[PDB]
Amino acid sequence: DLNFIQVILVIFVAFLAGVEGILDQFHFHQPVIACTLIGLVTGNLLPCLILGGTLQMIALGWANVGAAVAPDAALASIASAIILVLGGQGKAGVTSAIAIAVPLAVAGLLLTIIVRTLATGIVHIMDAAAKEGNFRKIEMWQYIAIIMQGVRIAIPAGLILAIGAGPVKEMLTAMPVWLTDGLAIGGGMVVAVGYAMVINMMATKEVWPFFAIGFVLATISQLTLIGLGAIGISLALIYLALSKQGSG
Amino acid sequence: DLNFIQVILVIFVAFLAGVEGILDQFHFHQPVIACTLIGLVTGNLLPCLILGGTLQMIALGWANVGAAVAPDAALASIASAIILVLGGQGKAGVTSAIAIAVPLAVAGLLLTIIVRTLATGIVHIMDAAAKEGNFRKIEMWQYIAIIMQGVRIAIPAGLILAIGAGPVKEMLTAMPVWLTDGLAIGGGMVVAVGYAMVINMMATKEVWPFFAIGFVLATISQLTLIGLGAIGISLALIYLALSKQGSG
Amino acid sequence: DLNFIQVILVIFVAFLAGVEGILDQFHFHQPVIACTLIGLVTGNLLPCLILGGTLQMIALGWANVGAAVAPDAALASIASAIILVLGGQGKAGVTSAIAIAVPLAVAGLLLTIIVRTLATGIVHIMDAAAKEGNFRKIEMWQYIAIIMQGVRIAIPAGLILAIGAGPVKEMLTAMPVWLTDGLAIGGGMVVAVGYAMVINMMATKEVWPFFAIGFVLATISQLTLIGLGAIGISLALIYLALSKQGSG
Amino acid sequence: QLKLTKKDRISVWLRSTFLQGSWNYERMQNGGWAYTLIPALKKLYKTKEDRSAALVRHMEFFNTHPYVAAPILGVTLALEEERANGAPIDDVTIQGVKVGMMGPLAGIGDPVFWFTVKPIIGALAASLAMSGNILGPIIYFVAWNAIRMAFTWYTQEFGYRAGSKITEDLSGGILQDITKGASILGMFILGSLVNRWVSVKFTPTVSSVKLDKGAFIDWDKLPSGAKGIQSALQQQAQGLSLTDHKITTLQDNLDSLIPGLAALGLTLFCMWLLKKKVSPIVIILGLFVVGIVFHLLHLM
Amino acid sequence: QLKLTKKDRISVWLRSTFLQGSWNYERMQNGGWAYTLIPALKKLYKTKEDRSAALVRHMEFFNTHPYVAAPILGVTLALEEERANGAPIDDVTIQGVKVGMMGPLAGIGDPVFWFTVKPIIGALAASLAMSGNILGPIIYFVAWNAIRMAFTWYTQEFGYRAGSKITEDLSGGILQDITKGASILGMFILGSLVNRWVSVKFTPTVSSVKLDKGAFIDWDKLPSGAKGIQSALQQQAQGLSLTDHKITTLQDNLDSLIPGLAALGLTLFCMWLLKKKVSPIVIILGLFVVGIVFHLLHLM
Amino acid sequence: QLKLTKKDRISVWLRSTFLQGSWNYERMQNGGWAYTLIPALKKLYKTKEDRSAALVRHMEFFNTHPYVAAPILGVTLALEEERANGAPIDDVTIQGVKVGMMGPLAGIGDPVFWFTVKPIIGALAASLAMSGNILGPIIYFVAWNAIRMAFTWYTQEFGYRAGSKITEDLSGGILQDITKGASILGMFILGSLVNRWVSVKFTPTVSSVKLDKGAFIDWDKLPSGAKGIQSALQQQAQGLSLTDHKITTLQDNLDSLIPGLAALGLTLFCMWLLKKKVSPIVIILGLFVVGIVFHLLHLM
Amino acid sequence: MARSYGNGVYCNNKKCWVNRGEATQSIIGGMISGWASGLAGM
Amino acid sequence: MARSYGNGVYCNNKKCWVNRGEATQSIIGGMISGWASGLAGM
Amino acid sequence: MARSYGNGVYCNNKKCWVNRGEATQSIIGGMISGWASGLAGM
Amino acid sequence: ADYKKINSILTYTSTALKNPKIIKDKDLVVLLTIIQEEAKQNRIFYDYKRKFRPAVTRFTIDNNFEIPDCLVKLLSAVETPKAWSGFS
Amino acid sequence: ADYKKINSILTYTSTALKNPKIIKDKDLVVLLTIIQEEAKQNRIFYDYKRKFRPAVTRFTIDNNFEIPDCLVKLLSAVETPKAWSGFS
Amino acid sequence: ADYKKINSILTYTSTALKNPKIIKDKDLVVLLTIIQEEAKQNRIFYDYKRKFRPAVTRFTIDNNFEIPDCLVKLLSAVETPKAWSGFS
Ligand SMILES: OC[C@H]1O[C@H](O)[C@@H](O)[C@@H](O)[C@@H]1O
């Protein structure tokens, strides 16, 4: 079981992961670091390290771009690690925790968006502080916002630790095969949204043909992705050299 | 055998396929419709139906374009399906008749042009009808130019019925294997004529390089025709955009 | 063994291969010819002819271009043929001599440049010969200036016949397996030098993208060299027509 | 005055089925076009000179896809009804609106109806028909005819209701881009079909050399039972052969250069032949006999 | 006069880690930006009006990649030091240089730090962690933090020392060309990734035609021992089907058209729905549920 | 007056065999070119200064393919006969027509004779010789020499009969088009040869993970007799491993990046080394030794 | 043993069948070329 | 039997492992996509 | 067991032979590049 | 060929080349000059590349969908091969 | 949405469309006109194509890295979707 | 590099840069400036890219196949690497 020192340490690690989810500076929020810390403070170290390596492989390409924000690997890692410690099955629950991470990652994305939307009141209070020229209120409220971004993940962790090992083991054993299978399939379709958003940011009548050429060339499986990129750069350079002559 | 009602009934459909082989409006000369009518009026329905299904597949892409005339599916369907009934071998003879449909399809192409050349005499008669303003004179002679296309198929059908089941089964049994085999090989080379007259209508020193790439890209068997066309659109889109900037 | 009639005849053939190796006119230096004459005079005819047939394939593409000199098939042919004759092993020794024909083809590349550099001094003698209008002083030195090119091949051959059949058999049995094996691997890495010289003469920022596509298009095994060439010209035709529009 | 009723427009509809009635090569569809116009021109003009004037007019060169002529038929009826009641139209606008429409509507009509709609409907009817299904032909006659009478009738009313006020906005700035871009695709897509859809293969064999040890599997040393198959797949995976002979055919010798090389030669030769004023019926009849002889000589 | 010492620069360094503290959507990183500048605003201006002027100035919209903001930090510090010591800089050069630097540095930092170095360091750490070595996360934290701290401090020092003399030689005559080439490359590579990384595969079978003799291998007449395998491999190489049934799935029917057709359809639908003001969280949750249902219905 | 007979033209032809006689690097074919012209110039100019003027003239830089020099040889003989009889030509046209001809005729000579004619004859003649056939070498000497003597003789007389009336219509409007179009193909075709014809193959293995159940064929539960092979190919067709070990070599790791990666580095390094004033005999000799070492350490 | 007649149907010596894959490619290939050539004809 | 979770790791019912080739391909494609998008977004 | 020597001839430890297909491809690539080498030179 | 056809073609081509609007279609001039030249030799031009009819539509559309008499009567002066094989 | 935000956005677009240097920027003229139109209908513009901010960077760089007040205060007038999925 | 060669090359290129015709070919004027400088530095230029000789043909053909003395005597100033490997 988990004693008082262990639960406090778990909670503070979760809070720091919530802080680093948006701070994006020390990257405790990464699956390897977060799962390692949770396993170290719970006593079940190696299963947590293995799980964190697995999620980091899963979550290699999640990086917030502009207003677009990734599915919050901090909550996914923290919640998967806590599932993994409380449910038992050190190396056996690796697959179950990895399966539960992705919807938990989407839930963390929702939570971080809700928090970033609530941060407008903080920015407005800072506007007022600028109107009155107080540095201290700025510092206090910035600390306060960092605190709520940490508690954004410290809270789901607290509620999960509130739900004892009994019911979490029951939920882990009461998982239909089709639920996990369909969740994996749905996770395998997600990148369509991101590709569509990038295309929408890039698509013009002058570039749709190049999209078609690249898409059709992807069907020759001997060509490698580096080779496809080389073909793309070559077409781009030829097009620019020709269009510069075209302009004059 | 064929009684007097059937021998005339096959003539009525035979004339209409020649009538519809030029009108191209209700599509009685199509293999699926033409073969079906001969089988229905003779009692050997299903063997004629499947031949119509088989022949309609081969005659999918035959359509007159401008002055060019398609391989006369009115003769290939009507005259081949008759030998299917007279020669016996209902389901066993679906293969035998199909082998001689294509050379018949060519044999009609000879006869349609000879008829389409005699239709020049009628309009020379009809031009006089314009010089006197006779609405009756143009209508009557038009029925002639419509009737002559029908008997263009009923006359060959008359001899194939005049040459009854006696010599018809002899010819379908005295068929050398190689006469069948080489005719199939020749049939798969004829599409080189149609491409050339189409390429001759489109080939220019500007577009000759686009022929070579498409030919060479056809050597990668993982590409489909749709994918090759998508590459086809994309170069066309890129070439026009690069050429209008250059010219102006 | 080689009698005194052969040793004179052997060097003279080797001398003429050196004589023709620079003339590039009567093609006595070619492996099919040069090997054949050594075998004809030495009595070991067929093993030399097969070697000549074998070596000609390795030397199909060796031709001097500008100041660049081909890897001296005159020395490789002569040295291998005498290696093949002196050491015995008529047909069994086809492979062993071939393994050392390529490295000596390089050894003549060293020798041909040292000879082609001393041929400078003769023309410095010849420049003053133009300063006096001496036709005969011009002819005499040119005969001389041809002779040492034959000498460049007859002198190693003179030393190879000086080192009689004894030690040539010892070395061909004292060849380590790896000394043969690594040299062939180095042989397939040579063409990186020749391409680099040609690519250096042709590479510009405007044609570098065409290099990358051709490199990447080489990764689809279904394309042959001819097919890759057709693609290259089609871009060349399209590029010229598109850039002439933009510039004028 | 000389208004055209709904009834006469339907008789024009019925007669348009004969739009290909005469089909000489000099003026292709003049008979079918002129025959279709009689129910209107009978009432539009009544003098012998006036009836002669119309009949000489519409006997000239007319050709297009017979389904896409209905919008021409409406605009032609729009012009002559306006002409009959008084409008300065004389031999320049009557032919000019028609000739401006026959060409471009055919190049949009031939793909839609001939090479797209017909094969799509034809495949469904054929696939059913080959399976012994009577519902094959019944669908095909229903589908093609239901599609045809809706388009041919509705647009004919549209051509009449829109006058020649749709042809003004048909300027050829776009048209010089459409055909030129079409040619890029066509020369491309016919290139791919030439490499593929032209069946030219050569049978005869050239060299049948005998392989050495280490080249073929040599099914004599194979293990017996649960390990013989093991070494069979791995030796093949390394490139070992299933027979002790390497069979080389002329097709591979041509294929080693580029696939479809013999198809291109025939394709170029047909190009050359038609330019040389050779009737394609002779070439194709020749192209069948060639298949007879080359297959007899064990070539194709 | 109002020169900034090394201590205040180090304090700005330490405070820049919280540059993303507030992160509202209206003004993106103004909270952390203004927080990082509090020591500068303290040490530079002492009047109540001037501190309010600086704070209102630095609460405006700011966003970039948080690591590559350090050169902006330095140039901003130099400009504000000039403003404090007396220089006609009036709200137009502070914001102007700031906004000029936000964009291109974000576009050059998002690749370098997010999608190029972070995933490689993460892959190394993940391989180490899954291999049972604790050295994975330790190496990851050490490397990423060292890279970040060195880059941020050095870039801040350079941005301070370089003044506003870097952005003057930053004409926009070439960023257009960089963007256009970027768009060509990105559209190509995104087409390739649509075909290759978005898996939309259908399970259900369609046709199971029963083959005639000569189509399948028919493992009854096969030889027994050292020749059965030979004949099996020859019949497999000639194309004879390894079973007496031919399986045709809907995935094969789609693939006969083009690979990745369903993936392209989903990509197009996501583009259309995002254009139609659908929050991508709803789209992704719906995609998860769609996967759940289509796997329940045995489709995917 | 000073006309040149048929006989003197033959000796010039006979002497052109030695056109490469000297072959110094400072002036490549000047000795052979000057030697070739002795029988004409002796019959043209009789003064000692006139002989010196001709001999200083034609000792200057001349180089081309020795077969296509005959049209230059004729045009040079055309100008000298005109010059000897009296024509205001002064050392500007004499070198000018030559230098205008040496360059471009080499770029057609080198492909025609060296890299096209010679190996096609050579590969045909080698194929006989390797088979122990004496018809090989005899044909090669006959083929190459019969082609040579007719071409070098005929064009010598054509150059004499056409003079400087051929290069006048040799304008540079076309010459710039040819080379630039040549470079597009060349960079393309050398690109394809680099990916293929440059052998840099690495042997060593990296990873040898042990496969779990369901990954390999498991040759213990296979059926015995006419059903063992059936399930072997079906397990083969679905991707199950023919062995219980998956071997990943260094070549795979480079190949997973792109094929031919190690070859592109070498030629680019040769590009870099040759730019760095390294004589290619050092690069090639070094390359042979590299093959010796990298095979010794089991690297290649 | 199977004489090709195009559009997916070759034949045998006692039964002819249509191949759906080759029928689908012919239904598409003619559509692409027919549309382009018909457009290039005007 | 193996559930694709992308970036090289799929899973099994009791064990999850990474396909190194797919991890490499994903890292290279992510590199290209991020670079191109960052360059175009500006 | 067979070391490549180019233009279709590799060798064995006692006998060497020609690969005709690779002999043919060698002539093709030498022809195409050689034509452009001289042409781009001028 | 038919002697009444050749003379009238020579009439219509000679008539077409003098109308100001047709000469502007330089592409059409090429067709007429060859058509007149072949008619000048009692031969009828062979339009295997089907170029003449598409041009008459291009000129007509370029001239406000209006056409003169000489171009209309010359539409039947061409051969236009007639032995289609199809696309299959 | 927010009425004060709508009114202020209308005011800022209005004053932006009167500065000569901004007036020159047709690419920015499009976005300003559209944003003023949407503010005129009491809606906050949604740009799934993130075009406005890169354009403000382009204009600022084209104006000697100098920016006015209206563009700065309109920097926060856009929606800019916020639910990234990644490249994977 | 030889001392008589360096001075002669500096002599010949110097007179080449003063002829009006050689000046027009801007490709050659960039070349000749390079020829002086490395001759000015007592080294013989290493054009591993064989550019100088083809340009002499390019210039000569543009001048009605006429060449002066300075370009001809500079034809032997090149190094032109000389260790071909082939295409194989
Ligand atoms: O778009 C660049 C930049 O935008 C936002 O500020 C955040 O998502 C950052 O992590 C990202 O680097």
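Structure determination for the deposited model, as stated in its record, used cryo-EM, and the stated resolution is 2.2 Å.

## Points about the overall build of chain A
Helix and strand counts for chain A come out as 11 helices and zero strands. When the elements of chain A are put in sequence order from the N terminus, they spell out α-α-α-α-α-α-α-α-α-α-α. A compact globule built from 248 residues should have a C-alpha radius of gyration of about 18 Å, whereas chain A, at 23 Å, is more than 25% larger.

## Description of the overall build of chain G
Broken down by element type, chain G carries one helix and zero strands. Along the longest, intermediate and shortest principal axes, the C-alpha atoms of chain G span 45 × 15 × 10 Å. Counting every position in chain G, which comprises 42 residues, the buried fraction comes to 57%. If you sum the accessible surface of chain G, you get close to 1900 Å²; carbon and sulfur atoms cover 60% of it.

## Here we look at the site of the ligand
The full set of residues close to the ligand is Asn64(A), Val65(A), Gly66(A), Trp23(E), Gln29(E), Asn63(E), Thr64(E), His65(E), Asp110(E) and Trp114(E). Residues close to the ligand are split across chains A and E. Within the backbone of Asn64(A), a nitrogen or oxygen atom sits 2.7 Å from an oxygen atom of the ligand. Here an oxygen atom of the ligand sits 3.5 Å away from a polar atom, N or O, in the side chain of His65(E).

## Re the arrangement of the chains
At their nearest point, the C-alpha atoms of chain C and chain G are still 20 Å apart, with no contact between the two. Across all C-alpha pairs, the smallest distance from chain A to chain L is 20 Å, and the two are not in contact.

## As for unusual backbone geometry
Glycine aside, residues mostly have negative phi angles, and peptide bonds mostly take the trans form. In this structure, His27(A) is a non-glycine residue whose phi angle is positive, near 50°. Of note, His27(A) is situated in the loop between α1 (4–23) and α2 (31–42). A positive phi angle is found at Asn64(J), which is not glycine, with a value near 60°. Summarising the element assignment, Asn64(J) is placed in the loop between α4 (52–62) and α5 (69–73).

## Some words on the interface of chain B and chain D
Listed by partner, the interface residues are 97 residues for chain B and 95 residues for chain D. At the boundary of chain B with chain D, total buried surface from both sides reaches about 8900 Å², with 74% on carbon and sulfur atoms. Among the residues of chain B in contact with chain D, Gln25(B), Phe135(B) and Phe215(B) are the three that bury the most area, contributing 9% of the side total. Linking chain B to chain D there are two salt bridges. Between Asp127(B) and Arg27(D) there is a salt bridge, with the nearest N and O atoms lying 2.4 Å from each other. Where chain B touches chain D, the interface holds 19 residue pairs in polar contact.

## Description of the side chain of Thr179(F)
Structurally, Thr179(F) can be placed in helix α8 (residues 172–197). If near-sequence neighbours (up to four positions away) are discounted, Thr179(F) is found in contact with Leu39(I), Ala40(I) and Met42(I).

## Points about a nonpolar patch on the surface
A surface patch of nonpolar side chains, amounting to about 770 Å² of accessible area, comprises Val177(C), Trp178(C), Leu179(C), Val289(F), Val290(F), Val293(F), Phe294(F), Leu296(F) and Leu297(F). No other element matches the five residues that helix α12 (residues 280–296) of chain F contributes to the nonpolar patch. Positionally, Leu297(F) belongs in the segment after α12. For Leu297(F), a relative accessible area of 54% puts it in the exposed group.

## A word on the packing of aromatic side chains
This model, assessed by the stated rule, comprises 57 aromatic pairs over all chains. Aromatic side chains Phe269(E) and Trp272(E) sit 6.1 Å apart centroid to centroid with 10° between the ring planes, which places their arrangement in the stacked category. In this pair, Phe269(E) and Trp272(E) both sit in helix α11 (residues 261–275), three residues apart, roughly one turn of the helix. Through a chain of ring-to-ring contacts, the aromatic side chains of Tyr67(D), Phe113(D), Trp114(D), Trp144(D) and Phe151(D) assemble into a single cluster. Taking the ring centre of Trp23(D) as reference, the NZ or CZ of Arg116(B) above it sits at 4.7 Å. Across the ring face of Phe26(C), the terminal group of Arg148(F) is positioned such that the distance to the ring centre comes to 4.8 Å.

## Examining the nonpolar core
It is characteristic of soluble globular proteins that their nonpolar side chains tend to be buried jointly. In this structure, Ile78(A), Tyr195(B) and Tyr195(C) are the most contacted members of the largest nonpolar core, which totals 453 residues. Tallying contributions element by element places helix α6 (residues 93–130) of chain E first for this core, with 14 residues. Setting aside anything within four residues of it in sequence, one finds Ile78(A) in contact with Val13(A), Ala14(A), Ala17(A), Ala34(A), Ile38(A), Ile153(A) and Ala157(A). Core analysis: the next-biggest nonpolar cluster, separate from the first, contains 71 residues, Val123(B), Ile138(B), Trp33(D) and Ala54(D) among them.

## Points about the state of the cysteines
Residue and element names in this part refer to chain G. Tallied over the full model, the rule gives three disulfides over all chains. Linked covalently through their sulfurs, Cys11 and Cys16 form a disulfide whose S-S length is 2.0 Å. The chirality of the disulfide connecting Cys11 with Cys16 is right-handed, given an S-S dihedral of about 95°. As far as the burial class goes, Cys11 and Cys16 line up, both buried.

## Some details on the pattern of salt bridges
Think of it this way: side chains of opposite charge can pair up when their charged atoms draw near. Counted according to the given criterion, the structure contains 33 salt bridges over all chains. Here the salt bridges do not stand alone but share partners, grouping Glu60(D), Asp69(J) and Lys73(J) into one network.

## Description of the domain arrangement of chain A
You can read the domains of chain A as domain 1 (4–190) and domain 2 (203–247). Once you take the C-alpha centre of each, domain 1 of chain A and domain 2 of chain A turn out to be 40 Å apart.

## Quick word on a positive patch on the surface
Residues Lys275(D), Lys276(D), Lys49(J), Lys51(J) and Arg58(J) make up a contiguous surface patch of positive charge. Assignment of secondary structure puts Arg58(J) in helix α4.

## Examining a negative patch on the surface
On the surface, a cluster of negative charge is contributed by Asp90(E), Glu168(E), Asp169(E) and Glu66(K). Counting through the fold element by element, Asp169(E) comes out in the loop between α7 (135–162) and α8 (175–197). In this structure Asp169(E) comes out as exposed when scored by relative accessible area, which is 68%.

## Overview of the UniProt feature "disulfide bond" in chain G
All names here are of chain G. Measuring sulfur to sulfur gives 2.0 Å for the UniProt disulfide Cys11/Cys16, short enough to count as a bond. A relative accessible area of 2% means that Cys11 is categorised as buried. For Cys16, a relative accessible area of 18% corresponds to the buried category.

## Some details on the environment of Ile153(C)
All names here are of chain C. With respect to the helices, strands and loops of the structure, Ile153 is situated in helix α6 (residues 135–162). The buried category is assigned to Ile153, whose relative accessible area is 0%. Sequence separation between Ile153 and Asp72 is 81 residues, and the spatial gap between their C-alpha atoms is 9.7 Å. Setting aside residues no more than four positions away along its own chain, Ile153 makes contact with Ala14, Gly18, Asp72, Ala74, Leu75 and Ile78.

## Comments concerning the environment of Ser22(E)
By the element assignment, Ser22(E) lies in the loop between α1 (6–15) and α2 (30–36). Considering only alpha carbons, one finds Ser22(E) and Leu175(E), 153 residues apart in sequence, at a separation of 31 Å. Here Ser22(E) is in contact with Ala119(A), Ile122(A), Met126(A), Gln142(A), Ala145(A) and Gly31(E), once residues within four sequence places are set aside. Reaching out from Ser22(E), the side chain makes a polar contact with the side chain of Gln142(A) at a distance of 2.4 Å.

What counts and how
Residues numbered from 1 in each chain as written, not as in the entry; some residues may be left out. Chains lettered and ligands numbered in written order. Heavy atoms only, no water. Residues with missing side-chain atoms left out of burial classes, pairs and counts. Helix = DSSP H or I, 4+ residues; strand = E, 2+ residues; numbered from the N terminus. Rg over C-alpha atoms; globule rule 2.2 N^0.38 Å. Buried < 20%, exposed > 50% of the residue type's maximum accessible area, 1.4 Å probe, protein only. Areas by Shrake-Rupley, 256 points an atom, 1.4 Å probe, with all protein chains shown as cover. Near = heavy atom within 4 Å. Polar contact = N/O pair within 3.5 Å; in protein donor to acceptor, adjacent residues only side chain to side chain. Contact = heavy atoms within 4.5 Å. Buried area = accessible area lost by both parts, 1.4 Å probe. Salt bridge = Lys/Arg side-chain N within 4 Å of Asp/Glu carboxyl O. Patch = residues over 30% accessible without salt bridge, like charges linked within 9 Å, V, L, I, M, F, W, Y side chains within 5 Å. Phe/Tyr/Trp six-rings, centres within 6.5 Å; stacked < 30°, edge-to-face > 60°. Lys NZ or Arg CZ within 6 Å of the ring centre and 35° of its normal. Core = buried A, V, L, I, M, F, W, Y, C linked by side-chain atoms within 4.5 Å. Disulfide = S-S within 2.5 Å. Domains from an automatic or database assignment. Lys, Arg positive; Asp, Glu negative; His and termini not counted. Charge placed at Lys NZ, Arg CZ, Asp CG, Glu CD. UniProt positions renumbered as here; feature names shortened; annotations may be inferred.

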